[PDB]
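*Asks:* enclosed are the sequence and the experimentally obtained structure.
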Amino acid sequence: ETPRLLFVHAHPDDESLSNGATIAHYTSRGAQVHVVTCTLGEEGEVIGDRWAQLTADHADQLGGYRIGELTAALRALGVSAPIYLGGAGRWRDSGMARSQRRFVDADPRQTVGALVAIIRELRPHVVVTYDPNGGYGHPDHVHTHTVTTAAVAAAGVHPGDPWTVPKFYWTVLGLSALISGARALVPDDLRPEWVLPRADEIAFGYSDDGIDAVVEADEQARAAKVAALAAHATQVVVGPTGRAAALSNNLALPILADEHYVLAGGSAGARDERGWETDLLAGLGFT
Ligand SMILES: [Zn+2]
């Protein structure tokens, strides 16, 4: 069949920050790729003045605005539309700017059930989400991991026909890639106010030995990631060469074409000399 991949993320922007080049790699090769976003990003902050009054401290309309940002970003990556877990607006994120519908406080029967329904409908060959620490500990990222882990297990056996996801991966930050990438930046790649952080300010990184797979995307796919990040204008600032970006904290990272993964469930396919698979579909018999 045509391969089917599912990426499950907490907020609008995370899909591009983490998996933009992988998503673009697979959609350009004709795979069916879907992104599930668990919240609208209602509690986000905004870069710049134009949309400053949309945040939760003023009009509290930022999540609605971010639907268009996500849609634009997904389109840049070859994905036709967003999917919000439980429907757009079901569960609210926990951000910087009281709620009776916060995703972290949600009834697990409802969040796991929603995701299980998605997995059983789509029948993905691959599911991707955060590691157990959510990347850098954001409560919504940790909860997405919890919900997704539970959904993958339960989707095998809720209504519908059981589907055992062939390969379940965690998206992680590759330390050696980030270091190499950062070393390759030049001052032209950064805005004056940016600083290159040490890895521990932005993520719980992984050594080469703790990584199972890499998707080493081409320049077309990296450019699609750059465009996707640009679409999230309230959240990300892309640098002048499209080689680095920063969030509102001014901590700049390289926009790399290589994305790394830990195989959490399933059997690996053929690994390269680093001991890494080079295709999330490895071993599944796709030509
Ligand atoms: Zn996030």
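*Replies:* Yep, it's here. Numbering: from 1, shown residues only.

*Asks:* these two touch, right, residue 262 and residue 206?
*Replies:* Yes: using Cβ atoms under 8 Å, residue 262 makes contact with residue 206 at a distance of 7.1 Å. (C-beta placed from N, C-alpha, C; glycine too.)

*Asks:* find residues that contact each of these two.
*Replies:* Overlap of the contact sets of residue 262 and residue 206 (by Cβ atoms under 8 Å, 6 or more residues apart in numbering) consists of residue 172.

*Asks:* tell me which of those two has more neighbours.
*Replies:* residue 206 (22 against 16; other Cβ atoms under 10 Å).

*Asks:* where do the strands of this structure begin and end?
*Replies:* Using DSSP state E, the strands of the chain run over 4-9, 32-37, 83-84, 126-130, 167-172, 213-216, 237-238, 244-246, 252-254, 258-265.

*Asks:* now do the third one: which elements does it pack against?
*Replies:* Taking 3 or more Cβ pairs under 8 Å, 6 or more residues apart in numbering; DSSP states H and E as the contact definition, the neighbouring helices and strands of strand 83-84 are strand 32-37.

*Asks:* how about the strand it packs on against the ion, any contact?
*Replies:* No: with Cβ under 5 Å from the ion as the criterion, the ion is not reached by strand 32-37; the gap is at least 9.6 Å.

*Asks:* packing partners of that strand?
*Replies:* Under the contact rule (3+ Cβ pairs under 8 Å, 6+ apart), strand 32-37 is packed against strand 4-9, helix 14-28, strand 83-84, helix 108-122.

*Asks:* do you know which of those lies nearest the ion?
*Replies:* helix 14-28 (4.2 Å; Cβ to the ion).

*Asks:* show residues contacting that closest one.
*Replies:* By Cβ under 8 Å, 6+ apart, helix 14-28 touches 3, 5, 7, 9, 33, 35, 37, 70, 73-74, 76-79, 128, 130, 135, 141, 171, 215, 217-218, 220-222, 224-225, 228-229, 231-232, 236, 256-259, 280.

*Asks:* any idea which residue of the stretch 1-150 of the chain lies closest to the ion?
*Replies:* Per Cβ to the ion, the residue of the stretch 1-150 of the chain with the smallest distance to the ion is residue 11, at 3.6 Å.

*Asks:* then the stretch 151-287 of the chain?
*Replies:* Closest point on the stretch 151-287 of the chain to the ion, by Cβ to the ion, is residue 235, at 9.1 Å.

*Asks:* count the residues that sit near the closest residue to residue 188 other than its chain neighbours.
*Replies:* Take residue 188 and drop its neighbours on the chain: the residue closest to it by Cβ to Cβ, 6 or more residues apart in numbering is residue 241, 6.1 Å away. Residues lying near residue 241 (other Cβ under 10 Å) number 13.
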